[PDB]
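# take this sequence and fold it.
(chains A, B, C, D and E, ligands or ions: 6)
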Amino acid sequence: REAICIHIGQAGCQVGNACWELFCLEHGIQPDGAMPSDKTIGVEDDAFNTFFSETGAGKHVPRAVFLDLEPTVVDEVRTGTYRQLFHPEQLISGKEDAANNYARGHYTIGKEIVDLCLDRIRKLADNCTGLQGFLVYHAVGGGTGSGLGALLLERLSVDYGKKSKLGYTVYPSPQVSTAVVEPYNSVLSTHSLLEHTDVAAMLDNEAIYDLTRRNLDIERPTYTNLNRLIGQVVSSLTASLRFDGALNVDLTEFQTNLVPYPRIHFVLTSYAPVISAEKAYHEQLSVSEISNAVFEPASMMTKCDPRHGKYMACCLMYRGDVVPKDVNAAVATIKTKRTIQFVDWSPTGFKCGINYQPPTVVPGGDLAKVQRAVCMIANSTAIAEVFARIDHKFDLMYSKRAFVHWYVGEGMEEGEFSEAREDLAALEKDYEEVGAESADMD
Amino acid sequence: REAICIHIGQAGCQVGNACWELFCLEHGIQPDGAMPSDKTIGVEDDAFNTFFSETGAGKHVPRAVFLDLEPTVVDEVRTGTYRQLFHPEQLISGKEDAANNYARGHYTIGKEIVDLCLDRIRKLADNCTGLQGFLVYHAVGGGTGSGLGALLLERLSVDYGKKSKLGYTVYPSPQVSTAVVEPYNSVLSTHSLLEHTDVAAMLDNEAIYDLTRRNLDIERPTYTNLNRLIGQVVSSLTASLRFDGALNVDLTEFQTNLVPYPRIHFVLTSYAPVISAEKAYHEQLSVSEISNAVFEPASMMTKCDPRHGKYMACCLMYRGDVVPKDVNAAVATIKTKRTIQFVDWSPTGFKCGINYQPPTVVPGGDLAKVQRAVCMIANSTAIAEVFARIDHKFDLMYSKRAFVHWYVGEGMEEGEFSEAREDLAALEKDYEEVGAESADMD
Amino acid sequence: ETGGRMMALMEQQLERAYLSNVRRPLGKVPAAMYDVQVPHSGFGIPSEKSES
Amino acid sequence: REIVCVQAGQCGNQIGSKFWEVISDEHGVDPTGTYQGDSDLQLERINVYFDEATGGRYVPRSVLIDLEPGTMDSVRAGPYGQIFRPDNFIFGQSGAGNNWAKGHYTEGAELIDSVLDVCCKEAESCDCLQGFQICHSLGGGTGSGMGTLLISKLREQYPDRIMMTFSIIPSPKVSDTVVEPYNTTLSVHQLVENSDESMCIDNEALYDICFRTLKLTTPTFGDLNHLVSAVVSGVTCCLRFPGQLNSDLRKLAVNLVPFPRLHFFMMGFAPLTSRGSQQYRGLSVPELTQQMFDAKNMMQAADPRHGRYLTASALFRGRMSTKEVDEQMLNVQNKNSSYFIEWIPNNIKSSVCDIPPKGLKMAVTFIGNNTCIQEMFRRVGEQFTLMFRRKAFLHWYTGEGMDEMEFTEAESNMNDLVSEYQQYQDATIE
Amino acid sequence: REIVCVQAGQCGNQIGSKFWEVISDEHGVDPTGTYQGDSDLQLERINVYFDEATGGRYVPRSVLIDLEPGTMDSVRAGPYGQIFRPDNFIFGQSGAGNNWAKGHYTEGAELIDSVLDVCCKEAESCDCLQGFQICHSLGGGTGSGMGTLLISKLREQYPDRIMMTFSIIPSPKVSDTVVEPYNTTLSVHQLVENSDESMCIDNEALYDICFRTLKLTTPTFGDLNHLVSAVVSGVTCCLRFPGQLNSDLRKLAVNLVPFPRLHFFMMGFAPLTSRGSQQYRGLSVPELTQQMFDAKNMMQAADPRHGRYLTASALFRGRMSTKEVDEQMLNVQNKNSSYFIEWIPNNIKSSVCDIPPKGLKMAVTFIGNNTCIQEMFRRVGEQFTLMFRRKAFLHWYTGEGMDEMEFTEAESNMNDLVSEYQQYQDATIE
Ligand SMILES: Nc1nc2c(ncn2[C@@H]2O[C@H](COP(=O)(O)OP(=O)(O)OP(=O)(O)O)[C@@H](O)[C@H]2O)c(=O)[nH]1
Ligand SMILES: Nc1nc2c(ncn2[C@@H]2O[C@H](COP(=O)(O)OP(=O)(O)OP(=O)(O)O)[C@@H](O)[C@H]2O)c(=O)[nH]1
Ligand SMILES: Nc1nc2c(ncn2[C@@H]2O[C@H](COP(=O)(O)OP(=O)(O)O)[C@@H](O)[C@H]2O)c(=O)[nH]1
Ligand SMILES: Nc1nc2c(ncn2[C@@H]2O[C@H](COP(=O)(O)OP(=O)(O)O)[C@@H](O)[C@H]2O)c(=O)[nH]1
Ligand SMILES: [Mg+2]
Ligand SMILES: [Mg+2]
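Numbers count the residues shown, from 1 in each chain, chains lettered A, B, ... in the order given. Ligands and ions are numbered 1, 2, ... in the order given. Right below this line is the structure:
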C-alpha cells in the first residue's frame, strides 16, 4: 500500500517538483504539511499513506529523497515555498557535478555520496508496513543521472532483492539535442538498466513538444509544461493504489501482464484528453473517442511510430465516470482496426483498469477540466528503432575515439564501451527474434 | 440520417455561409449554437441531427469542414458573426493560393494540406451511425477548387468506397467570364469528376443573374443573392431527410431514379416561386401554376435550352401545403404538352415528393413568403451543348500551347491535356448515342 | 540605462497589442476571444443512466 | 504574405519616399511609427509591409542603396524619413558617373555583398516570403547597373519567388543624359532574362496626364512621383484587404503572360479628374471603365491605337456589384473587338476589393499587355545603332572593362524581343 | 565553487580592473566594499568571487603581479582600486624590457616564489576550489614570461583542477612592438602543454567591433577591456545563478575538446547594437542566434567561413523557451551543414540561465572551436621565420642565456599545432 520515490539529478528533481505539487493538491495537503480542518471531519481515511506519512502531531511529510551532486536545484527546494513540506535530511546534495561524465558519477564522486542515500532509504523502509515498490526518476543523457542512478539501483537491487523497481527515464530525442556526449552516456546507462529494472518507461522531449504544439496551442513551451504532463501520467498509473474503483490494478499486475521475457521490459506511454478550454467546450468526450485517440501516434509521449511494429501487450487505465461496457465496446472496436496489429502469440492483448477519481486541475495549469481520462503503457517492437539510431551515433563517434580520454582519465577501461555496445546489439537481436511473424512446422 | 458537408475554395466557402445561415434559421439554432424556448420533458425533436451534433452542455455544432489554401476567406469566417458555431479545427487554411493552376493545387501545394482534411473527415465519420453521403461545393474554374477537389474526391473515393458523393458545381458561364485560363481548368476538372461523383448538379452565374433581374426586381445583383438562392435549393433537396411528409425520398432513391447509365449523371436544377414581396400578395400561387413554371426556361439556374434535347428522368420536390391529387393532375397536364419530350425508353418519366415544411424566409432576404414551393432536378441530353462550347474554347487556346509552360513547370507534362480532351469528347459521344431513337423493336 | 519602474511598466503595457504577443505568448495557451464557462463536473457528455 | 522593397538611385529613392508616405497614410501609421488607425481592418494585415519595433512602433520593410549620399540625406530629412531603420541605408563614396560599366563592375562589386547581406537578413525574418518589389530608372547609371546586378543576385538566391520591377524608361523628346541608349539597351538585356514582370513608365506620358487631365499649370517631380505611387500601392491591395473576388501577384502573372518573354506591361489609374469638374458627375463603373480605357490615361508614350491587347487586368476598389463589372468588360470587348486578340476567348480579368483609397468612393487600377510596347524599344534601338556604328563614346566603357561583344549581344537580344512582339501582333489561324 | 584570478602585466592588469568593476556592479558591491544590492540572489553566491572581511566589507580573491609598479599604482589609485587586499600586490624594481628571457629566467625566478605563496594561501582557504583564471598578453615581456612560468607552477601544484587563460595576441596590422613574434612563439609553446582551455582575442577585431557595430567615434582601451570583461564575466554566469539547464567549466571542457591539444577557442557576445539603432529592433532568440554566428561579432581576425566547427557552446541568460533554442540550433546546423564536422552528430551545446546581465532583457555568450585559428598562428610563424634566418635581434635573448635550440623547438611545436588543426579540416569519414 506504499511507494517510495527517488529523484536523481536535474531532470528528475524538476519533474519531482511538479509531481509533489500535484500529489499535494490532489490529496489536499497544504504547502506547510498541514491539512485543513474540514478535510479531516466526519470520516477517517488512509489514502494519503501511499505517498505521505503523518507524524503524531498530524503534520504530513512526503516519502521521497532528492539526490544531486550540484547544490543549486536542492538549494532552490530548500529556500523556496515548499521548504517546510520536506524533511531536511531527505534533501541530500554534494559539492560538484558529474560534468556529463558517466565515469565521474559512477566511479569517482557518487561512491562518496551513495552510502548516505542508502542510509536514508533504509531508515524510510524500516518505518513502513506495506512497501510495494520503488519509483525512480532520472535522465540517461547526463552524467550523474546515468552513473549514480546505475550505482544506486545496483546497491538497492542487492539489499532489497525481489521488490519491484519502476523507472521513468528521459532518453535523448532523435533530432533535438542538448549535449555532445549523450550517446555514450545513454549506451552505458542502458547496460546497467537491463539487469536492474522491472519496467522502464521511455520519454522524449521532442514528442511532448509536438503534443503541446498540436493539441494545446502553445508555440513556446518550457520545462514546467512537460513536467506537469509527466506528473499527470504518474498520477494516472498510481491512482489505482489510492482510490476506489471497479477494476483495480496492483503494481505487481503491471509487471506480470506487460513483460513476456525478462529482457523485453521497455514500454511506450501516451495520454488522451490533452485539450484546451476552447476545444473542450466544442466537443463531447465519450469513451470511444479517447480510446481511438490513445492509439494515434499524435498522442504519444515518445518519438516512435507504432505502425512499424507489432504490439505484444497494452494496459489501458480509465479514470473518472466510465462504465465497463463502453470500455469493452471500445477495445473490441480497436481490435477490429487493420492498422493495429498484435503478435500472433499474444491473442488476449489487453489489460483494463477503471477508477472513479477524475483528474485534478492545477491553478496555473494549461489542461482543461474533464470528466474522464485514459492513460496507456504498451510493449511494442517499434522501440528497436530508437536503439538503432543511438547505436549509429555511438558508432560514428567511437570509430575515432572522439572524446574517450575524459572517460579513461576518470577511471574507466576503454573495453567497457565495446561490452555495452555488444549488449545493446544483443537487445536489438532479441527484438528481431521475439517479433518473428511465424515459425515453420518443419 | 447524417450528411457531411465539404467546402472547398472561395465559391464553396461563400455559398457555405449562406447554407449554414439558412439551416440554422430553419432549425432555430442561434448564431452562438444555443436553443431558445424550453428544454424540459413533454416534447422532443431530432430534425437537427442530420446537420448538427450536440455537446453535453447542449451547445450545437455543425457537420462541416471549411477548406482553403489562402487564409482570407476562412479568417473572415473566424472573425465574423458565426465565430462560436464552428470548431476551430474545422476551419483549415494554408499559406498561399493555387494561382489559377490546377497543376499547382494538385501536384505542389495540395499534397501537403490533404492529410489534415482526411483526418477531419475521419473524425466526423466516426461520430455517425447512419451516414448517407457527402455534399461537396466547389467551382471548376479556379485552381484550388479544381486541383484539390479532384485529389480529395479521389482519396475520399478510395477510403470510404460505396458511400455516395453529391457535388454542387459552378461552371464557367458561356459569355460571362472571370479569368482567361478557365477552359483548361474546367476540362481537367471534368476528367476527374466523371469517375468520382454519383450525381453532379450544374450551375452558371449568368442564369442566376438573368433570373434575379427578370423574376426578382433587383437591378444590380451581387454574389450574396446567388448564394442565398443556392442555399434555398440545397435546403429543398435535403428537406426530405429532416421533416415529416406524405412521400419521402431517401438519397439512394435519387441515384436509383435519376441515373440510367453510370456515366449519365449530370443534372439541371430549377426553382419555381422566385417572387418579390410586392408581387406575391397580388397573385395566388397554386400547384398547377408553379408546375407549369418549373418547365419554362426562364426558371432554370443553368444556361441551356431543354427544347434542344430529350428528358430521361425528372425529380419533382413539392414542399408545403400540397395534396398528392393536385400533383398527379399537374404531372398529367405537363405530360400532355407537345413542347416537352421524353426519350421513348423512359415511359414513367417522373418521380414526386411531398413534404409539409414550407420554405423559410430570411430576415434580410429578397424572396417573398409563400405557402408552397417546388424544386426540380432533371437529366437531359441538352447538357452536351454546355461541354461543346468549353471544348471549342479549349481547342482555340490549345492550338498555340498558349499558357502551357506554367502547367508543365508545375508538374503536369503535356499529354494530360490531350487525354482529358479525348475523355470529354467520349462523354459528348455518350450523350449522342444515348439520345438516338431505337431503329426497330426487332 | 533603465528609466525605472513606471517607464518599464508602460513599456510592457504598449507591447501586448502586438499580434505576436497575443497569439504566441511564453509558456501559455493564447487567450480566448470570447467567454467560456467550465461546467461543475467538467467538459464532455455525462454518462447515460439505466434502471436497476 | 509579405513583400521586401529595394529602392535604388535618385529616381527610385524619391518615388519610394512618396510610396511609403502613401502606404503609411492608408494604414494610419504616424511618422513617429505609432499606430493611430481607426478600423481593425487596417491593423489585421499591417504585417504585409511592416516589421514590428519596440513599444508600439512599426518599421518599413525597405532597403535604400545609392552611390552618393546626397539623395539619402534628402530622404532622411523628409517628413517620414525617421521611420526607416538606420542600418538599412547603404551608400558609397563616389558617383556612378552616369556610366553603366562603372556602376556594374567597379563600385557594384565593392558594395553588392552588403546589400545582399541586408536583403537576406530581412528575407530570412519573414514567415512566408512573397515576391520582391524594386524601383529604379533604366536611363541612369547606378540605377541601371546596380539594379540589374542586384536583380541577378536575388534571382539566383530566390528562384521560386516572384520578381517584380518598376522602371522609368528614357523619353524620346527631352534627354537629361547623352549616353542613355547604351544604358537602356544593356538594362533591358538583363531584365528580359532575370525578371518575371516589369512595368515601364515614360516621363512624357505623365506630363501629358498632368497637363490635359489635371490641368496643372506648373507640375513638379512631387506630382510625378505621386502618380507613380498611386498605381504601385494599388497593385498589392488584394494581398492586404478582404474582397468578393481575391487576386494575387502570382495569379496576375498566370493570367497575363502567354509566353515567358512577353512580360512587359503598361499601367494606369482611373479616377484622375480635376477638382472643378468633380462636383458635376458621380463615380460609377461605366465612367471608371471609360476613363480606364482612354489612351489619355495610359502612362506609356506608345498609344494603344497602334497595337492590340493580348491581356489586361482591372482591380476595382470599393463597394460595387459584380454584374456591373462583368457586363462592362463584356461590352468593351464586343464593341472594340478589333483591338482584342482573337484567339484568347476573353482578354480581361476582373477583381473586386471592398476598401477604396481614402477620399474616393471607388477606384480601379489597370494593367495592360499591349503590342504597342515595340515602339518604345524600337526608338532606343535606333538611337543605339546610330551611336554604335561610329564608336561615339565607347572608350569610357571599354576603359572600365566592357568587351564590345556584350554590346552586340544586347542589341541582338533587344531586336529579337521587338521581333517577337511584331510576330504575335500579325499571327493568324491558317 | 570559487575561482582564483591572477592578473599579469599591463594588459592583464588593465582588463582586470574593468572585470572587477563589472563583477562588483552585478553583485551590488560599493567601491568602499559595502553591500548595497537590491536582491538576495546577489548575496547567495557572492563567495564564488569574493572573500568576506570583518563587518560589511568583501574583498576580491585576486593576485596582482607586475615588474614595474607604474601600472599597479595606477590600478590601486583607480576608483574601485581600494577594494583590493594590500598584501596581494607584488612588484619588483625594474622592467621586463620587452624581453621574454628576462621575464622568464632572471627576475621571474626572483619574484615567483612570493606569488606562489600568495596563491597557495588563497587556494588552501577555499572549501572547494574550482579552476584558476589568468589574464595576460602573449606579445609582451613580463606577461609572457611570468604568466607561462606561473601557469606551469600552478599546473604542477593543482593538476586535478581546471586551468583557464584569457590571452591577447599580436596582430600584424597594428603592432606596438618589433620583437612580438619571438615572445608569441615561446608563449604558445608553453600554453599548449600546460593549459586546459585558452581563449584568444585580437585587438583588430575589437576595433572593428567598435567602429562597424557600435559606431563609436573615438573608442579607447577602456572600451576594448570592457568588451573582454563582458565575455569573461559571462562564461562563469551558470556557476553563480540558478537556471533551467545548469552548466560548469568542466562541463564546457568535456563537451568542447575532442582531443587534448585542440583547446583553443573563439569568443563573441551577441546583443551589441548602437544607441541610435536600439529603438528599431527587439531582442529575440532568432536575432541573438543570427548575431551570434555572424563573423562580424567574433573577437579574432580569422573568419569561420574558411574553416569548419568541430564544437561550439552557447550560454543563454534570460527567460526564454527551450523549444525555440533547440530548433534554432538545429536549423543553423542543418542549413549550413558543410561548415560542421560530419562525424559528430550534434556540434552545439546549449545552456539557459534565468538571470540576465543588468540592463539587458537577454544575452548569450558564444564559444567556438574552429580550425580557422590556424591562420593566425601561421602568420606569427611566418614573421618569426623572416626574423630568425638573419639573427635579427637574438643577442639580447642569448645574452640573458637562452640556447638557440629553444627557438627551433618552439617553432616545431607551433608548426605541429597548425598541422594538427589543418589535418582535421581536410579529411573524409572513410
Ligand atoms: N523534461 C525535462 N527534461 C529535462 C529537464 N532538465 C533537463 N532535461 C533534459 O535532460 C538532459 C540533460 O540531463 P541532465 O539532467 O541535465 O543531466 P544531469 O542529471 O544534471 O547530469 P550532470 O550534468 O552531470 O549533473 C537533456 O536532454 C535535457 O533536455 C527537465 O526539467 N525536464
Ligand atoms: N456563386 C458564386 N460564384 C463565385 C463566387 N466567387 C467566385 N465565383 C465564381 O467562381 C469562379 C472563380 O472561382 P474561384 O472560387 O475564385 O476559384 P478558387 O476556388 O478561389 O481557386 P483559387 O483562385 O486558386 O483560390 C468564377 O466563375 C466566379 O464567377 C461566389 O462568391 N459566389
Ligand atoms: N519620375 C521621376 N524621374 C526622375 C526623378 N529624378 C530623376 N528622374 C529622371 O531619371 C533620369 C536620371 O536618372 P538618375 O536617377 O539621375 O540616375 P542615377 O544617377 O543612376 O541615379 C532622367 O530621365 C530624370 O529625368 C524623379 O524624382 N521622378
Ligand atoms: N586590449 C588591450 N590591449 C592592451 C592594453 N594595454 C596594452 N595592450 C596591448 O598589449 C601589447 C603591449 O603588451 P604589454 O602589456 O605592454 O606587455 P608587458 O610589457 O609584458 O606588460 C600591445 O599590443 C598593446 O596594444 C589594454 O588595456 N587593453
Ligand atoms: Mg546537473
Ligand atoms: Mg482564391
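# quick check, central residue of the chain?
In the absence of a named chain, chain A is used. For chain A, the residue nearest the mean C-alpha position is residue A:168 (2.2 Å; Cα atoms, centre = their mean).
# hm, I was asking about chain D
A centroid search over chain D (Cα atoms, centre = their mean) returns residue D:166, at 2.4 Å, as the residue closest to the centre.
# distance check, that one against residue D:322.
Distance of residue D:166 to residue D:322, given as Cβ to Cβ, to the nearest Å: 29 Å. The way it works is simple: take the backbone N, C-alpha and C, and place the C-beta from them, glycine included.
# before we move on, what about residue A:346?
When distance is defined by Cβ to Cβ, residue A:346 is 64 Å away from residue D:322.
# between the two, which is the more surrounded one?
Set side by side, residue A:346 and residue D:322 show unequal neighbour counts under other Cβ atoms under 10 Å in any protein chain shown, the larger going to residue D:322 at 21 against 15.
# does that one really touch residue B:223, like I thought?
Yes. With contact defined as Cβ atoms under 8 Å, residue D:322 counts as touching residue B:223 (6.0 Å).
# can you pull the residues that touch both of the two?
Here residue D:322 and residue B:223 have residue D:244 as joint contacts, going by Cβ atoms under 8 Å, 6 or more residues apart in numbering or on different chains.
# the nearest residue to residue A:77 once chain neighbours are set aside bridge partners, please.
Excluding the flanking residues, the one nearest residue A:77 by Cβ to Cβ, 6 or more residues apart in numbering or on different chains is residue A:91, at 6.0 Å. Beta bridges link residue A:91 to residue A:66, judged by DSSP bridges.
# residue A:91 touches residue A:64, doesn't it?
No. Using Cβ under 8 Å, residue A:91 is not in contact with residue A:64, being 9.4 Å away.
# burial check on residue 160, number of neighbours?
If you meant another chain, say so; for now it's chain A. Going by other Cβ under 10 Å, the residues that sit close to residue A:160 add up to 15.
# to clarify, I was referring to chain D.
A count of neighbours around residue D:160, defined by other Cβ under 10 Å, yields 5.
# which residues touch residue A:13?
When contacts are counted by Cβ under 8 Å, 6+ apart, residue A:13 is found next to A:7, A:66, A:68, A:73-74, A:77.
# quick one, strands of the chain?
You didn't say which chain, so I picked chain A. Read by DSSP state E, chain A holds these strands, from start to end of the chain: A:2-8, A:52-54, A:60-62, A:64-68, A:91-93, A:131-139, A:165-170, A:199-203, A:245-247, A:266-271, A:311-320, A:350-355, A:372-380.
# actually it's chain D I care about, not the one you picked
Secondary structure of chain D by DSSP E: the strands cover D:2-8, D:50-52, D:58-60, D:62-66, D:89-91, D:129-137, D:163-168, D:197-201, D:264-269, D:309-317, D:348-353, D:363-370.
# mind checking which of the ones you listed is nearest chain A?
For chain A, the closest of the strands of chain D is strand D:50-52, at 16.1 Å, according to Cβ to the nearest Cβ.
# what does that closest one contact?
Residues from elsewhere that reach strand D:50-52 (Cβ under 8 Å, 6+ apart): C:18, C:20, D:27, D:29, D:58-61, D:122, D:125, E:282.
# ranges for the helices of the stretch 301-430 of chain D?
In order along the chain, the stretch 301-430 of chain D carries the following helices (DSSP state H, counting those that start in this stretch): D:322-335, D:373-389, D:394-400, D:404-425.
# closest one to chain B among those helices?
Ranked by Cβ to the nearest Cβ, the member of the helices of the stretch 301-430 of chain D that lies closest to chain B is helix D:322-335, at 4.7 Å.
# tell me if the closest one is near ligand 2.
No. Using Cβ under 6 Å from any ligand atom, no contact is recorded between helix D:322-335 and ligand 2, whose separation bottoms out at 7.3 Å.
# what is that helix packed up against?
helix D:285-293, strand D:309-317, strand D:348-353 (3 or more Cβ pairs under 8 Å, 6 or more residues apart in numbering or on different chains; DSSP states H and E).
# same thing but 10 Å
Taking 3 or more Cβ pairs under 10 Å, 6 or more residues apart in numbering or on different chains; DSSP states H and E as contact, the helices and strands that helix D:322-335 lies on are helix B:205-214, helix B:223-242, helix D:285-293, strand D:309-317, strand D:348-353.
# may I have the longest one exported as PDB, CA atoms only?
What it means is helix B:223-242. Extracted in PDB, the C-alpha atoms of helix B:223-242 (Å, rounded to 0.1, in the frame of the first residue of the first chain):
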ATOM      1  CA  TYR B 223     -22.800  37.300 -55.000                       C
ATOM      2  CA  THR B 224     -24.800  37.200 -51.800                       C
ATOM      3  CA  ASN B 225     -28.100  36.900 -53.800                       C
ATOM      4  CA  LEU B 226     -26.800  34.000 -55.800                       C
ATOM      5  CA  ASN B 227     -25.500  32.300 -52.700                       C
ATOM      6  CA  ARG B 228     -28.900  32.700 -50.900                       C
ATOM      7  CA  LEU B 229     -30.600  31.100 -54.000                       C
ATOM      8  CA  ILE B 230     -28.200  28.100 -53.900                       C
ATOM      9  CA  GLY B 231     -28.800  27.700 -50.200                       C
ATOM     10  CA  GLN B 232     -32.600  27.500 -50.800                       C
ATOM     11  CA  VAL B 233     -32.000  24.800 -53.500                       C
ATOM     12  CA  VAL B 234     -29.800  22.600 -51.300                       C
ATOM     13  CA  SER B 235     -32.300  23.100 -48.400                       C
ATOM     14  CA  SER B 236     -35.100  22.000 -50.600                       C
ATOM     15  CA  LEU B 237     -33.300  18.800 -51.700                       C
ATOM     16  CA  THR B 238     -32.200  17.900 -48.100                       C
ATOM     17  CA  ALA B 239     -35.600  18.700 -46.500                       C
ATOM     18  CA  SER B 240     -36.800  15.200 -47.400                       C
ATOM     19  CA  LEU B 241     -34.400  13.800 -44.800                       C
ATOM     20  CA  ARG B 242     -35.300  16.200 -42.000                       C
END
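# off-centre distance for that helix?
Taking the mean of its C-alpha atoms, helix B:223-242 sits 9 Å from the chain's own mean (Cα atoms, centre = their mean, to the nearest Å).
# got the angle between it and helix B:205-214?
Between helix B:223-242 and helix B:205-214, the angle formed by their directions is 100 degrees, by axes from the mean of the first three to the mean of the last three Cα atoms, to 10 degrees.
# residues from chain C in reach of chain E?
With the criterion set to Cβ under 10 Å from any Cβ of the partner chain, chain C comes near chain E through C:1-2, C:15, C:18, C:20, C:24, C:26-27.
# find the closest residue to ligand 2 in the stretch 1-150 of chain D.
Ranked by Cβ to the nearest ligand atom, the top residue of the stretch 1-150 of chain D for proximity to ligand 2 is residue D:1, at 13.2 Å.
# nearest residue to that residue in space, please, no chain neighbours.
Using Cβ to Cβ, 6+ apart, the nearest residue to residue D:1 is residue D:130, at 4.5 Å.
# what sits against that neighbour?
Contacts for residue D:130 (Cβ atoms under 10 Å, 6 or more residues apart in numbering or on different chains) come out as B:95-96, D:1-4, D:48, D:161-162, D:164, D:236, D:239, D:248-250.
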